[PDB]
């Protein structure tokens, strides 16, 4: 048919990630300082929270100094938790760790004329180009009803300038499942369990 959708109708739905591992690689190569797993273990073991389990897996991957374990975390473990286990706080982790936190680093370090002025537009543009991530967000919002995942799409469409889609995801935010309504799961909040575990941040602490 004329719509190219029809040319791929019924085909493989698989979306391959194109993630930038350059900061995780760099951290593994140069970091000499122990990274504390105590907080992640507290959330995984003491509190029983799967977001802490994911944080601990990320940190253990870095400890291993095997980049392949970092790749496994983002490409296998994350989708296994987001999709297969219906754990909505996994769904935005690659976006945060490998896009949001990368662009943040460019703002902090005055790289390539990136500023707070361009950041929100820049992040929306970069996230919208990462189809693997967009599809995990759509799942975490539309299927799992996580208002924080809905908010990720709301923000993306807002700074793309798509008013209809911004409204759509704003409305979906108001209808979230209470199981996901904790600042533990809000990447913008200090209480975020997974906060500070991007290598784009960890590189700042090498000191």
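Positions refer to the first chain, counted from 1.
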{"query": "Residue stretch of maximal mean CA temperature factor, 26-34 vs 137-145", "finding": "26-34"}
{"query": "150-158 or 63-71, whichever carries the higher mean Cα B-factor", "finding": "63-71"}
{"query": "Given 88, 126, 95, 111, the residue at which the Cα B factor reaches its maximum", "finding": "111"}
{"query": "Maximum C-alpha temperature factor, selected from 115, 130, 77, 100", "finding": "115"}
{"query": "Third of chain Cα B-factors occupied by residue 15", "finding": "highest"}
{"query": "Residue 55 - Cα temperature factor, lowest/middle/highest third of chain", "finding": "lowest"}
